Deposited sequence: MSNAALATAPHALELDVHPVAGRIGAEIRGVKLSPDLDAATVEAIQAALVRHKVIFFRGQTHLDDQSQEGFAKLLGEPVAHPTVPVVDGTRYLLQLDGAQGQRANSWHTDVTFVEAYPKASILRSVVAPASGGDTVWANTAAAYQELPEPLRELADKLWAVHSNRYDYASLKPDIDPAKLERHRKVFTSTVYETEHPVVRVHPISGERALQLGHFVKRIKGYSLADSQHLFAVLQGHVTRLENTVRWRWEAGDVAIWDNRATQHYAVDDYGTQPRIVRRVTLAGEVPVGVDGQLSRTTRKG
């Protein structure tokens, strides 16, 4: 039983009384993994003891770190020093990351928030006929150099929850003209970013966020001007998405 404090009504929770480290016991790790599946994004404040090697070793307890170049003295640590567009991380590849662990090193005095959206709540709130349509759709994601076909709805490998898989890397919905694709995307993506499905975090140096990349999107707010902002992320390797009918994503260009 962790000290868990929900931040918004439908997503997000701060976990208190825990100091992250490469030496956490299996029970704390398990309770972290469960809070993560349930809340989609979790927050840990005052992790000021943490450093590059230590963040990477903590990460190792949650899954297998994977390269996205990297921070020096590390194998896996990525620095961001602006991602102000809604997106799920790396969906242009087949088995994109399952989770990301992000630590604030330098935090602007004003601005520099991050927002997450719960794509499983977004799916559940759709009227039934629209869920049934979403269940059937496939989208081409691209970093334009990769192009991957993913189902629009993914069945979460642990919870079994269905979640929308959309975001900035989507180039089009397969089977549809450009105009129709744009309208279908706008409806479904509009439900992901509806404010009720989101939580916004104001960072302080030493804050750590971990989110389930299988069931969120996120957005870094670029309102901080020339104030320094440095964050460091470890990303954890994920599985091939499974659609509602059991079909699997497939990379189609490389």
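In this entry, the deposited residues absent from the coordinate set span 1-13, 82-84, 98-102, 166-190, 301.
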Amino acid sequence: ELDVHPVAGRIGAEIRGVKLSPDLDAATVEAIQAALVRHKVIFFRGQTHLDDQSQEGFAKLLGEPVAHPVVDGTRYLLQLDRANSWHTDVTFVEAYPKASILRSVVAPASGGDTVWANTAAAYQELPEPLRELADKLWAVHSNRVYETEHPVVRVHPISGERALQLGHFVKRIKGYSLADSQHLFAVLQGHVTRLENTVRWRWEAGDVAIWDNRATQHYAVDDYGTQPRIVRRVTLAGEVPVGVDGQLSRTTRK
From here on, numbers count along this sequence of modelled residues.
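Gaps at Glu147 occur in none of the other compared entries of the protein that contain both adjacent residues, all of which model it rather than a third dropping it. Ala121, modelled here, also has coordinates in every other compared entry of this protein that models residues flanking it, well short of the third needed to call it frequently missing. In this entry, the higher average B-factor at the C-alpha atoms falls on 25-33, of the pair 25-33 and 221-229. Stretch comparison (47-55 versus 193-201) by mean CA B-factor in the PDB entry places 47-55 on top.
The entry lists C-alpha B-factors for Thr114, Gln79, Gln124, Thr88, and the highest of these is at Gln79. Set against one another, the Cα B-factors of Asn118, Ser181, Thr74, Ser104 in the record reach their highest point at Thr74.
For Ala237, the recorded CA B-factor ranks within the highest third of the chain. Only modelled residues enter the ranking. Ranked by C-alpha B-factor against the other modelled residues of its chain, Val93 falls in the highest third. For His156, the recorded CA temperature factor ranks within the middle third of the chain's modelled residues. Among the modelled residues of its chain, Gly243 has a C-alpha B-factor that falls in the middle third according to the deposited record. In this PDB entry, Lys60 carries a Cα temperature factor that places it within the highest third of its chain's modelled residues.
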